[PDB]
Amino acid sequence: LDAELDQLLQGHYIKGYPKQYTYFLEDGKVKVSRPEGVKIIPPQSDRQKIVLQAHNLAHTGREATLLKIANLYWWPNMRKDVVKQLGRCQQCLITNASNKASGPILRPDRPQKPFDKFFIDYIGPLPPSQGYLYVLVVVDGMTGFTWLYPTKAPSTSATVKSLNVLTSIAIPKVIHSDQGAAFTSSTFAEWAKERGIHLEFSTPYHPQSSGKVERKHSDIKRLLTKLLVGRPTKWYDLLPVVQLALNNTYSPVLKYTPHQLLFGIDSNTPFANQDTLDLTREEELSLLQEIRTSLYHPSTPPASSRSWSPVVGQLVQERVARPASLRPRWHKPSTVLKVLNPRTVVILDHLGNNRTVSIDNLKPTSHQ
Amino acid sequence: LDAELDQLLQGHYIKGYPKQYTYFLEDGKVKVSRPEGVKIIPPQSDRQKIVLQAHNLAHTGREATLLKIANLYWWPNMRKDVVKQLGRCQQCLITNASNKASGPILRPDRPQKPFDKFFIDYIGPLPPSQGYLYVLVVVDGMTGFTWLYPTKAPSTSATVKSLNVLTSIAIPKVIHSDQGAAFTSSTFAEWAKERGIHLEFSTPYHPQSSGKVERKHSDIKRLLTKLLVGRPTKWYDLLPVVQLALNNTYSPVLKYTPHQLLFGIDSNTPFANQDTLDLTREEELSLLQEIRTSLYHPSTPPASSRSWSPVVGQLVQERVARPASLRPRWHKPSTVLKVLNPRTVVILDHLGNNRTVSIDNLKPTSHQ
Amino acid sequence: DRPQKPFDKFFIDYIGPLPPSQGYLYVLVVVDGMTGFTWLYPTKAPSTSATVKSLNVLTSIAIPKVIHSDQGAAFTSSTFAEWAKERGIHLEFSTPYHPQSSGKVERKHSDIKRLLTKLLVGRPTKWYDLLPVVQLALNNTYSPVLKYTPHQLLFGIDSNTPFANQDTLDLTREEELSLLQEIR
Amino acid sequence: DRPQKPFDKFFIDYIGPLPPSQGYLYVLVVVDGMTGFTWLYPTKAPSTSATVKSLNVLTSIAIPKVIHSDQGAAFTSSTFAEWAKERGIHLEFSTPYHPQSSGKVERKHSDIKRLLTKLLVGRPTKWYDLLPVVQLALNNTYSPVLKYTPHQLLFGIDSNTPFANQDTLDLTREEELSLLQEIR
DNA sequence: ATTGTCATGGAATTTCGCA
DNA sequence: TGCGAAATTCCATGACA
DNA sequence: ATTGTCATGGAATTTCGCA
DNA sequence: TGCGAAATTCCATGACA
Ligand SMILES: [Mn+2]
Ligand SMILES: [Mn+2]
Ligand SMILES: [Mn+2]
Ligand SMILES: [Mn+2]
Ligand SMILES: [Mn+2]
Ligand SMILES: [Mn+2]
Ligand SMILES: [N+]
Ligand SMILES: [N+]
Ligand SMILES: [Zn+2]
Ligand SMILES: [Zn+2]
């Protein structure tokens with residue numbers, strides 16, 4: 001806009017241009033003498049190009065982009081123009097890291113009863129032991145009771161074989177797993193459907209969602225490690241011992257073992273508890289029902305000072321799963337369709353797909 | 001000690017045994033009727049064995065070990081005996097994770113002058129580009145000015161070639177690097193010695209120690225990524241452009257570019273600063289000397305509520321560098337010989353070697 | 001004396017030989033004395049090593065105070081005695097020629113034999129795959145004496161397969177024929 | 001007018017042909033007008049493409065406002081003109097047959113020729129490896145006019161190689177002989 | 001069409017043993 | 001009640017992915 | 001014989017433009 | 001001085017290894 005800059009030269013007032021300054025012409029350029037020195041005021045129609053050029057030198061954020069521009073130019077509200085172009089630079093949007101933390105984690109209620117919900121997962125690959133490389137880990141959600149099965153592969157067929165053995169004891173209402181191939185196959189879906197078992201799946205690339213079983217990997221591997229110190233890593237023969245040891249281990253916050261939570265009485269293992277020896281089984285079971293309902297439940301921790309929570313219609317970007325070397329870590333912006341809970345949302349891609357994702361794998365798109 | 005348990009049975013007082021309880025004999029065992037129920041009091045000489053047996057079931061910590069024992073037994077100060085055996089179980093000491101955080105980081109003074117200290121490092125491997133796979137990155141510590149060299153390998157010979165080119169401009173007092181093979185070879189030591197350059201080495205497996213250059217990888221890879229969006233990853237031809245772009249980028253906390261900090265005036269690049277156009281070079285250089293001494297210096301952040309700091313004579317354990325599957329994450333205990341600063345110590349192994357290590361790669365040995 | 005509890009006593013016994021099913025010929029039957037809960041393990045032989053291998057699986061879940069059996073060779077061997085001793089399990093034996101000790105247990109044995117006969121009609125080599133179904137039926141069968149299923153007494157909850165037992169309690173004609181055809 | 005500054009003007013020129021050193025035959029000499037700071041680049045030819053390649057290295061560190069040269073073909077080509085234009089560099093040329101414009105620069109040229117002659121005695125093909133040494137000597141040479149070394153004027157600090165210049169300022173007998181032997 | 005978990009071992013807090 | 005020692009409970013830290 | 005760093009973009013704080 | 005808008009400064013967050 002040279003018309004706007006015209007009035008300015010002949011001393012008239014234009015909004016945004018502080019009136020206490022002298023706006024002169026020199027070398028066919030409008031200039032102002034500002035406290036920092038003399039600056040060129042470009043016409044409106046030149047400004048987007050100037051911002052773009054300064055930004056593109058190193059694809060810099062707000063302040064770094066502004067410092068370049070301000071070396072030569074001045075105009076009203078320069079940062080407003082800077083932020084407009086940052087919000088439109090696709091390269092920066094998909095490459096830059098977020099500086100906002102996810103909102104605070106949920107602590108879902110413990111399942112009410114044993115066999116209400118199993119969490120299942122694979123550990124491995126481990127050093128080969130009798131030809132086996134993996135462990136299927138099945139954790140009852142109420143009790144924390146855990147079954148271990150050695151397998152040769154993290155496959156559906158091995159999952160099915162192991163679970164046919166386990167479910168001889170009882171059938172769970174729900175099986176929760178991640179999106180590993182063993183669990184998402186149609187063969188596994190059929191297996192579950194035959195048995196009246198509902199399959200439940202974590203949002204993708206979010207092991208925390210299966211935290212109950214992921215956390216068990218740690219105790220299992222730690223015990224195996226301890227038992228194998230100074231020996232070849234022959235873990236196959238140790239699995240049954242580790243299963244039994246861990247199922248009879250007290251959790252200090254609970255003051256019960258998973259075995260006790262499942263059966264209500266210790267079996268013939270070392271240091272068996274004897275407090276209900278004089279009760280009948282019916283009384284013992286009645287005590288058990290009460291113990292189960294009164295276990296500690298953790299609460300949601302406080303939000304960190306700069307966290308975000310999703311809102312329907314908000315622009316967000318999904319983390320790229322396995323980004324290649326020198327490729328962006330984020331997908332193109334998408335829109336939040338549904339907030340399932342404060343930590344889980346349904347998004348629509350630019351390519352029209354509905355995806356249920358964890359907020360830990362989203363960033364809110366910067367610069368509105 | 002049956003003698004001790006003898007006096008107890010005939011009603012006499014022994015220290016540690018609360019006098020308000022009835023200590024009877026049954027099945028050839030000394031027993032006490034405690035609020036929780038009847039417990040066996042084993043003789044002193046039996047107690048270490050009992051603790052060991054309960055602990056060894058699942059190699060459990062203090063409370064979990066205690067809960068097992070207390071199912072059957074009672075004696076004075078049972079946890080004191082539990083902790084004694086936890087402190088002696090090697091398997092647990094070398095396998096368990098620390099629950100104490102490192103003390104707060106140091107923020108070393110910025111080097112006084114350009115060329116006082118270079119930090120050097122390799123990025124890569126990257127996608128092959130004209131046969132090149134790595135980038136040698138050289139960062140001047142005072143200015144943050146950064147030179148980039150494409151190489152085929154992260155080797156001494158390539159490091160030497162690149163540095164012969166760079167040091168044509170000037171020779172640094174000190175070169176700081178990590179313990180990568182390129183930098184620790186006798187050939188590199190000779191190269192540096194010929195030139196009067198002092199070599200300085202990070203403590204092992206501690207990239208933070210080279211944080212000045214590690215942090216640069218991020219800006220370099222981010223810019224390359226941005227420029228390569230939607231194109232094959234041909235980064236070789238972009239290195240010189242990225243070098244120039246980043247050296248002329250403002251850091252917002254500084255309000256200067258590395259170029260400005262090095263030369264005191266912008267060269268003929270876009271949006272060059274013009275504030276010293278009317279000064280002579282001598283005046284410009286005088287302004288530069290003052291700008292260099294007044295840059296922001298960050299201070300040490302506060303300690304977290306449960307951090308530790310090393311003390312001469314303290315037992316500590318070094319993190320195992322690349323632990324194998326199902327093998328311990330910690331070395332056997334060793335002793336702190338010298339505290340170089342609160343974050344860096346010299347340790348003596350059990351095998352007599354002196355090692356300079358970061359406290360981030362130590363834990364203090366548990367249970368005294 | 002103290003009330004009876006799960007894991008006080010496991011009664012064990014072999015059933016078989018059965019038609020070959022995936023290499024297997026016998027079922028080791030384990031019944032918890034107090035609850036009636038049944039565990040079934042397929043084996044290739046009624047041997048000490050087959051018994052130990054099967055019971056290593058069961059005892060990774062729960063260890064009995066006492067195991068009760070007849071005087072079958074697999075159970076009276078010194079190897080099985082040492083296995084039991086290692087685990088603090090007391091072995092109890094019925095006197096020779098009086099192999100039947102507990103009626104509750106024997107009822108379970110005939111329930112198993114009957115359920116197998118019903119299920120194996122036209123598919124005698126398929127029992128390996130059917131063991132889970134049999135076990136679930138047994139353990140969700142109401143006991144008129146105890147007034148609960150073994151599942152309820154072992155876990156203290158209702159089950160998700162309450163109608164796992166569809167046993168008509170006597171063999172039909174075709175079921176008796178298939179059993180007859182198998183021996184012939 | 002405004003005081004002179006580093007990067008106002010780079011004077012460039014070729015020196016050579018020299019004895020072959022690792023395939024290289026020429027040195028492109030770049031001198032910053034204000035500071036006297038010298039950059040040396042080995043090339044295989046005094047060509048536009050060699051000049052552009054060398055100057056792509058230098059201009060990844062600092063871009064001059066003006067480049068000054070004689071009318072050598074490498075510098076007057078349309079390709080070099082377009083290279084300069086892409087980077088906002090103004091090209092300035094001395095008139096033909098008056099190739100010497102700045103005495104400060106010409107003194108540097110003879111310093112280079114003299115330093116090379118001294119260093120290359122008995123090793124004429126070894127100059128490639130010696131370029132860094134030459135450059136360091138030049139840039140740490142006190143200027144009686146300016147009262148500083150080029151290093152001090154470019155960086156505003158003292159240098160870590162203050163005694164890089166050991167030039168005796170005239171050739172000795174053996175040095176003049178080695179130069180004589182090279183042409184013969 | 002869903003959602004973090006929990007062993008660990010010093011420190012903080014509460015209970016015990018005695019008066 | 002009130003004191004000092006022992007027991008228990010709290011909970012930051014790190015590690016499973 | 002040593003040691004973390006710093007781009008980023010909302011929010012918090014300070015300065016500007018005017019009266 | 002005192003107000004509202006613009007500019008600048010602060011700084012949690014995450015990522016380089
Ligand atoms: Mn998984
Ligand atoms: Mn490195
Ligand atoms: Mn029998
Ligand atoms: Mn029978
Ligand atoms: Mn010439
Ligand atoms: Mn000349
Ligand atoms: N929930
Ligand atoms: N320092
Ligand atoms: Zn950008
Ligand atoms: Zn241990």
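Side-chain atoms are counted along with the backbone in the values below, which use heavy atoms only and exclude waters and symmetry mates. Letters A, B, ... mirror the listed sequences (proteins, then strands); counts begin at 1.
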Encoded 5' to 3' (Watson-Crick or G-U under 3.5 Å; [ ] crossing; | other strand), DNA chain G becomes ...||||||||||||||||
The side-chain contact (heavy atoms from CB on, under 4.5 Å) partners of B:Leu261 (sequence neighbours excluded) come to B:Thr143, B:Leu254, B:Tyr256, B:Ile291, B:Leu295
> Got more than 12 heavy atoms from elsewhere within 6.0 Å of CD, B:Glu36?
Replying inline: yes
(message) At less than 4.0 Å, is any side-chain N or O atom of B:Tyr122 found next to OP1 or OP2 of H:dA17? Yes or no.
(response) no
Distance check: side-chain N/O of B:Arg34 vs OP1/OP2 of E:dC16, anything under 4.0 Å? no
Query raised in the report: Would B:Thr65 and B:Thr60 count as having a side-chain donor-acceptor pair, cut-off 3.5 Å?
Result: yes
Quick test: give all pairs of protein nitrogen or oxygen and nucleotides 10-15 of chain E nitrogen or oxygen below 3.5 Å, distance rounded to 0.1 Å.
unit_1 : atom_1 : unit_2   : atom_2 : d
E:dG10 : OP1    : B:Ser366 : OG     : 3.0
E:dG10 : OP2    : B:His367 : N      : 2.9
E:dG10 : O4'    : B:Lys100 : NZ     : 3.4
E:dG10 : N7     : B:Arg62  : NH2    : 2.4
E:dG10 : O6     : B:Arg62  : NH1    : 3.3
E:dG10 : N2     : B:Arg306 : NH2    : 3.4

Per nearest nucleotide of DNA chain E, the residue lying toward the 5' end, A:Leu254 or B:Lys19, is A:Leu254
Sequence neighbours excluded, the answer for salt bridge (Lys or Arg N to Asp or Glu O under 4.0 Å) partners of B:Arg306 is none
The nucleotide from E:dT8, E:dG9, E:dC18 with an atom nearest the side chain of A:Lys226 is E:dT8
| Side-chain N or O of B:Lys363 less than 4.0 angstrom from OP1 or OP2 on F:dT13? | no
Those residues at least two apart in sequence (or on a different chain) that pass salt bridge (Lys or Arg N to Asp or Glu O under 4.0 Å) with B:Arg215 are B:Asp219
Please confirm whether the shortest side-chain N or O distance from B:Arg222 to OP1 or OP2 of H:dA15 is below 4.0 Å. no
Practice task
Return no unless some side-chain N or O of B:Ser304 is found under 4.0 Å from OP1 or OP2 of F:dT13.
Solution key: yes
With sequence neighbours left out, the residues meeting salt bridge (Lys or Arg N to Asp or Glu O under 4.0 Å) with B:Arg79 are B:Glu63
> For residues A:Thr365 and A:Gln317, is any side-chain donor paired with an opposing acceptor at under 3.5 Å?
Replying inline: yes
Applying salt bridge (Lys or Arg N to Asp or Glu O under 4.0 Å) to B:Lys117 and not counting sequence neighbours gives B:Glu200
Note to self: Can you classify the ring geometry of B:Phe119 versus B:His176 as parallel (below 30°), tilted (30 to 60°) or perpendicular (above 60°)?
What the structure shows: tilted
Between CH2 of B:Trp308 and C1' of F:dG14 the distance, given in whole Å, is 15 Å
Per the under-4.0 Å heavy-atom filter, residues of residues 204-216 of chain A near DNA chain H come out as none
Pairwise N/O distances under 3.5 Å, protein to nucleotides 1-7 of chain H:
unit_1 : atom_1 : unit_2  : atom_2 : d
H:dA6  : OP2    : A:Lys80 : NZ     : 3.3

With the side chain defined as heavy atoms from C-beta on, B:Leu106 is closest, among G:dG17, E:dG4, G:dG4, to G:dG4
Show every donor-acceptor pair shorter than 3.5 Å between a side-chain atom in residues 203-210 of chain A and any protein atom, with sequence neighbours excluded, or say none if there are none.
unit_1   : atom_1 : unit_2   : atom_2 : d
A:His206 : ND1    : A:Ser209 : OG     : 2.9
A:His206 : NE2    : A:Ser358 : OG     : 3.0
A:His206 : NE2    : A:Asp360 : OD2    : 2.6
A:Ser210 : OG     : A:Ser202 : OG     : 3.0

Result for 5'-nearest mapping on DNA chain E, choosing between A:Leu199 and A:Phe119, is A:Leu199
In whole angstroms, the gap separating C1' of E:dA7 from OH of A:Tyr256 amounts to 19 Å
For a quick test of reading the model: is some side-chain N or O of A:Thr203 closer than 4.0 Å to OP1 or OP2 of E:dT3? yes
Does any donor atom in the side chain of A:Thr95 or B:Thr225 lie under 3.5 Å from an acceptor atom in the other side chain?
no
State whether the side chain of B:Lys216 and the backbone N or O of B:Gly144 hold a donor-acceptor pair below 3.5 Å, judged by distance alone. yes
Sequence neighbours excluded and cut-off under 3.5 Å, please list the side-chain donor-acceptor pairs for residues 296-304 of chain B, or say none.
unit_1   : atom_1 : unit_2   : atom_2 : d
B:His297 : NE2    : B:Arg107 : O      : 2.9
B:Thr300 : OG1    : B:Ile105 : O      : 3.1

Side-chain N,O (A:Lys338) to OP1/OP2 (E:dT2) below 4.0 Å: no
Those residues at least two apart in sequence (or on a different chain) that pass side-chain contact (heavy atoms from CB on, under 4.5 Å) with A:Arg319 are A:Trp330, A:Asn361
Ignoring backbone atoms, test whether B:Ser218 places a side-chain nitrogen or oxygen under 4.0 Å from the OP1 or OP2 oxygen of H:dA17. no
query: Does a nitrogen or oxygen in the side chain of B:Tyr296 sit under 4.0 Å from OP1 or OP2 of G:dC6?
result: no
For B:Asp81 and B:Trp75, the nearest pair of non-hydrogen atoms, with its separation, is OD2-NE1, 2.6 Å
